[PDB]
């Protein structure tokens, strides 16, 4: 599944709702290992719409538990991420992923 560990609290009341655009900054790494991507490196937040199967399952479930302004560490098992095959060039097979995610706003 996905484990959410709070780094910095959000407002504790404003959570993503189905059909909203969720706006975040993140950095992703293999667990206790190497970084593979950061929205911060592009100076452009990442957006996705909740409820539209736009992201891996661990994101969908993990980010939904976050309130606006929260920063958290999401640890995502392979079956909640890229599973047995990974993703070419970026995620290996059977990989546990860790994302540092900051929920900036809901649009």
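For clarity, a rigid core is taken as the largest C-alpha set superposing within 1.5 Å between two forms. Numbering follows the first chain given and starts at 1.
Rigid core superposition in 6 other deposited structures of this protein puts the Cα atoms of one stretch, out of 75-83 and 26-34, farther from the shown form on average, and that stretch is 26-34. Set 39-47 against 67-75 and average the Cα temperature factors; 39-47 ends up higher. In this entry, 1-9 has the higher mean Cα B-factor, the comparison being between 96-104 and 1-9. Sorting the modelled residues of the chain by their CA temperature factor places residue 58 in the lowest third. In the PDB entry, a CA B factor belonging to the middle third of its chain's modelled residues is recorded for residue 25. The entry lists a Cα temperature factor for residue 86 that places it in the lowest third of the chain's modelled residues.
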